[PDB]
Ligand SMILES: Nc1ncnc2c1ncn2[C@@H]1O[C@H](COP(=O)(O)OP(=O)(O)O)[C@@H](O)[C@H]1O
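Residue numbers (PDB author numbering), protein chains in the order written: chain Y, 20 to 87, 96 to 168, 177 to 461; chain A, 21 to 85, 97 to 168, 176 to 198; chain D, 265 to 395; chain E, 7 to 188.
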């Protein structure tokens, strides 16, 4: 219920008096701010801001246009969009419409959206104005525990966004009372024993909650151990790096497994004669077999010469690079490499070969040279192609004897490979 | 990493910024002058501008009994009738010769409950900013946008 | 009102009632409140004691909320309100009705349950209108 | 997956239950259901109608004790539901019937409907993750540790002998009469 919808006068004065303090080194309202406020579009944006009850935000940008040394002009829009040369700003109303006979600033939620990238912008505002604020509000005391965790993992998700983790690394939560007990032993320096709970060890609800936590831990481990995607999905480096990520990530799961706190919970369930969660912690979790297959592919994934293929623009560099990569790949005779996986691997190798050759033909200006230079380049192209054919037949015979030494079955293995380079060869 | 930003620099921006966000324009009140001359607050400005492990500082607007009680507390807390206003440093190094206002991030925190308060701030300005940015211009960006909407929904239900 | 209002308000409603009554009973079972009752019983002012042990609907309230709690514990209606994918809305409908299957052990009012289903449909039409 | 299996030993006279791995059954009480006989007059009386367990045993004078199971066969399923529900109450287990697989003892030569409706009761009202109905003689020999031998039991409503050979309980030698303790 508001009968006094705020006049544009107080808002424009609030803009002129406050906004330059954030858009300058103190300073006053520039002439471009007055002309930017008197923009018919800006006036109707602020009028839709002060009149429409559903409108909450508005953007007051600090455009710094060059060669006018740079000019200072202001952009006003209700839509919020990030600028790279500008100190944008956001005004949120606490009310649906402002009653200006009180502080108009106390009915505005001035949030500064400066030129810092939105990733770290949201990270800064969350970690420094939401997590301690809202968490202190829950400290003074439900959706709130979930909201709390979403604050934490949302801001951490911005980090996952930036660094491109690609693999979920989820910690194993323990019951809080056990953490208080270990905290009490931590105040002294004593190792928190199993029988510290005493009578609490051989109780029903206690062991019940312990198995609940361990059961969720097993699901957290299995969430990422059995994970798999299409081997040809994405480029070659993506799949190869994906296997590498799985290797180090499964080692981190082993790290979370080997902590003494988790072992303390396991000791609780063992001392309480409950063998289920204890044996299932290693058997029901496929972490052991996942780590052994990871270790089988671990030297194969470390020191991969794909960079030899990255900065190779000369076809001779590509010749020697192709032979080098395949001779390093020759160690798949001892690590059980799959058939279809190797074939999609080969097509991924041909994908990057094609990409490199595409830019090579781009930087060649081949449609203007003479037949002497074009003939040399032509012969070099066929040189690379022949290195592919004969060395690929050597890899074929390699996998043939691998399947012979393994003696598994008579599958319908497709060797009718149409790679990414014959498309240009024809 | 060249110098140390004195308390007086951000004191000037506080005495010139508080009237247009915590007061009704004009001059920094007597409570703000006493709060800015507080020895505790002096240490808070020194640790906020010259100590890389202090990301926050908050300038709370508390009212008790119809009594003005301003405060400068680095740790963020909530008072029922506290129309807080914080200063958040973007970068771990704040300068004095350079503009101190173009190196920080200012943010109010009204007397409303943090449910609708943080829902209003985050849900109203974070979503169009982040969405308009990533829908212009890496891996888990739309799912983290989904997480933003989930946090938004949780605060919405905490409010109603 | 089980008829109007959002379904989420009802789920949160019963949970908040359990919290209130739980803290209430812990305040009641404190030795200080017990000793006040002991003093009144020693003073034989039975009006206070009998009225404290039978007039408050607390004993029946805890019973009723604990009978409704298994249906009310972890109701996944937020999933409809979570994703805009129509398949996610369908999966949410599936999980919600399988969670509503729990009425066999709750003795909740069937009429209130029907009104809850209609509130769910209000959420359904809301989410679909949104998407 | 679940927390831990709950071994609920039935019996026409005394039900016995607890979690698996336990040494002795921590929760044992008679398999009867007592509801009051007299008239509730004074306020502040024993609230609630159906009583099971120690409270039904204590105020024994008021109740009109009946048995829902006789000769290892359930006669009333409602009282059995309340008994099992009582087993999962705060007085006996303080758990939920959604995180525990259930081992269920059962006497031989009983009708199929016992296993069928009992399974419906568990997997539907209780929604247990896993149910397993078994004999009783096989369990008694497993409790003694040896493996081949007959088992002579006489509980409260049934009595039978099962010649067990290494676990394979010979189904063609299970004599069973209905003259037991009760
Ligand atoms: N000391 C005793 N002497 C004789 N009979 C007893 C004694 N103690 C218990 N009983 C009878 O044995 C029965 C217990 O058997 P029970 O455990 O019910 O077998 P089940 O549980 O397989 O039915 C009780 O009904 C009781 O009547």
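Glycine included, every Cβ here is placed at the ideal spot set by N, Cα and C.
query                                                                                                                                                                                               : result
Here's a check: name, in chain order, each residue in its chain whose Cβ is nearer than 6 angstroms to the Cβ of residue 98 of chain E, leaving out the five neighbours to either side.             : 33
Could you tell me how far apart the beta carbons of residue 190 of chain A and residue 154 of chain A are, in whole angstroms, since I believe they sit closer than 8 angstroms?                    : 4 angstroms
Residue 36 of chain Y by DSSP, collapsed to three states: which one?                                                                                                                                : helix
Is residue 184 of chain E near ligand 1, judged by its Cβ being under 7 angstroms from some heavy atom?                                                                                             : no
Mind listing which residues of the segment 51-68 of chain E have their C-beta closer than 7 angstroms to chain D's C-betas, in chain order?                                                         : 53
Give me the residue from Y:194, Y:168, Y:152 and Y:142 with the minimum Cα distance to residue 164 of chain A.                                                                                      : Y:142
Please confirm whether residue 358 of chain D has its beta-carbon closer than 8 angstroms to some beta-carbon of chain E.                                                                           : no
Check whether chain Y comes within 8 angstroms of residue 104 of chain E, counting only Cβ atoms and requiring the distance to be less than that.                                                   : no
Determine the extent of the alpha helix (DSSP H) in which residue 59 of chain A is found, giving its start and end residues.                                                                        : 59-69
Just reading off the alpha helix (DSSP H) that residue 185 of chain A is part of, what are its end residues?                                                                                        : 179-197
What number of angstroms, rounded off, separates the C-alpha of residue 144 of chain Y from the C-alpha of residue 68 of chain A?                                                                   : 22 angstroms
In chain A, which residues lie less than 8 angstroms from residue 145 of chain Y when you measure between Cβ atoms?                                                                                 : 160, 161, 164 and 165
In the segment 312-338 of chain D, which residues sit with their C-beta less than 7 angstroms from some C-beta in chain E, listed in chain order?                                                   : 314, 317, 318 and 323
Beta carbon of residue 263 of chain Y: closer than 7 angstroms to some heavy atom of ligand 1?                                                                                                      : no
Taking Cβ-Cβ distances shorter than 7 angstroms, what residues in chain Y pair up with residue 83 of chain A?                                                                                       : Near residue 83 of chain A there are no residues of chain Y at all, since even the closest Cβ is about 11 angstroms away, more than 7 angstroms.
State buried or exposed for residue 340 of chain D, treating a residue as buried only when at least 16 other CB atoms are found within 10 Å of its CB.                                              : exposed
Determine whether the Cβ of residue 309 of chain D lies closer than 8 angstroms to any Cβ atom of chain E.                                                                                          : no
If the cut is a Cβ gap below 9 angstroms, which residues of chain E does residue 247 of chain Y touch?                                                                                              : 9 and 105
When DSSP labels each residue in this structure, what does residue 264 of chain Y get in the three-state scheme?                                                                                    : coil
On the premise that residue 335 of chain D lies in contact with residue 370 of chain D, defined as a C-beta separation below 8 angstroms, what is that separation, rounded to the nearest angstrom? : 4 angstroms
Run through DSSP, which three-state label would residue 165 of chain E get?                                                                                                                         : strand
Since residue 86 of chain E is in the alpha helix (DSSP H), which residue starts that stretch and which ends it?                                                                                    : 83-93
For my contact list, residue 383 of chain Y and residue 271 of chain Y are in at a C-beta cut-off of 8 angstroms; report their separation, rounded to the angstrom.                                 : 4 angstroms
Tell me which residues share the same chain as residue 193 of chain A and place their Cβ nearer than 7 angstroms to its Cβ, disregarding the 5 neighbours each side in the sequence.                : 146, 149, 150 and 154
Please confirm whether any heavy atom of ligand 1 lies closer than 7 angstroms to the CB of residue 20 of chain E.                                                                                  : yes
Starting from residue 117 of chain Y, trace the alpha helix (DSSP H) in both directions and tell me its first and last residue.                                                                     : Taken as a continuous stretch (DSSP letters only), residue 117 of chain Y belongs to no alpha helix (DSSP H), being part of the beta strand (DSSP E) at 115-120.
List the residues of chain E whose Cβ lies closer than 7 angstroms to the Cβ of residue 368 of chain D, in chain order.                                                                             : 130 and 131
Is the beta carbon of residue 118 of chain A less than 8 angstroms from the beta carbon of residue 138 of chain Y?                                                                                  : no
Beta carbon of residue 188 of chain E: closer than 7 angstroms to some heavy atom of ligand 1?                                                                                                      : yes
In angstroms, rounded to a whole number, what distance separates the CA positions of residue 347 of chain Y and residue 356 of chain Y?                                                             : 8 angstroms
Does at least one heavy atom of ligand 2 sit under 7 angstroms from the Cβ of residue 24 of chain E?                                                                                                : Summarising the ligand content, the structure contains ligand 1 and does not contain ligand 2.
Just mark residue 141 of chain E as buried or exposed, buried being the case when its beta carbon has 16 or more other beta carbons within 10 Å.                                                    : buried
Taking the straight line between their C-alpha atoms, what separation do you get for residue 308 of chain D and residue 317 of chain D?                                                             : 14 angstroms
From the DSSP output, in three-state form, read off residue 22 of chain E for me.                                                                                                                   : strand
How far does the alpha helix (DSSP H) with residue 365 of chain D in it reach, from first residue to last?                                                                                          : It is not in any alpha helix (DSSP H) - residue 365 of chain D carries neither H nor E in the DSSP assignment.
Does the distance from the CB of residue 105 of chain Y to the CB of residue 160 of chain A come in under 8 angstroms?                                                                              : no
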